[PDB]
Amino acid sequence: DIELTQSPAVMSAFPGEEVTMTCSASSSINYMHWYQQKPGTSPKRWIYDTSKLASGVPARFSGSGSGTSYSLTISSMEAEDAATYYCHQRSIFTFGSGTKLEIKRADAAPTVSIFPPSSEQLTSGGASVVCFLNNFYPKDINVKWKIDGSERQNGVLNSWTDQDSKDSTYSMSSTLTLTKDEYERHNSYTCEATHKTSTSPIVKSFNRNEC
């Protein structure tokens, strides 16, 4: 089975840089295509027959290669180029897994906000503690929960957004779900964000016994 692999799976660069991404085949093939995808929309033809640009594709893009190795190249990258690029060829069942190009920008620390479980959820017998970490960069960030002074790892679910289309920041939710009875057994809840913008964490907390 002729198979495609793509490298790197993820890269990031400031606008103005040169960008290159590789698509490899298990055995020699020809006439490689490349498709661009952005969140919520269909894949779009970008490069075809190894070197031809689809309509509406700026001449900063170029495709090349032969044999078992091909590549897509962008000169003087612009923010709109951010997307996932997938290679594919006429004898291939599975598309390559794609390179995701993201926009590099200045580091930013997160705006952190903590929300105690709603009385309505508590009425139902569930208790979700929600902590938002918004408008930060880079994407790699670490969140820690402490309950009455001890770290907790079970019952946490974290969800990042796609890189923001206007300012290239990331946001993420971190949610601690507990049963109502387990929530009622503790008092101090703390959400900490540790980022490479500072060695000292950002910290938000509350006591359940208040309000």
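Sequential numbering from 1, following the sequence displayed.
Stretches compared: 82-90, 117-125. Higher mean C-alpha B-factor in the entry: 117-125. Annotation for 144-152 versus 66-74: the higher mean temperature factor (C-alpha) is found in 144-152. If you compare the C-alpha temperature factors of 60, 44, 186, 38 in the entry, 186 comes out highest. Among the modelled residues of the chain, residue 25 sits in the highest third by CA temperature factor in this PDB entry. When the CA B factors of the chain's modelled residues are split into thirds, the value for residue 190 lands in the lowest one. When the modelled residues of the chain are ordered by their C-alpha B factor, residue 170 lands in the lowest third. In the deposited entry, the Cα temperature factor of residue 31 sits in the top third of values across the chain's modelled residues. In this PDB entry, the Cα temperature factor of residue 6 sits in the middle third of its chain's modelled residues.
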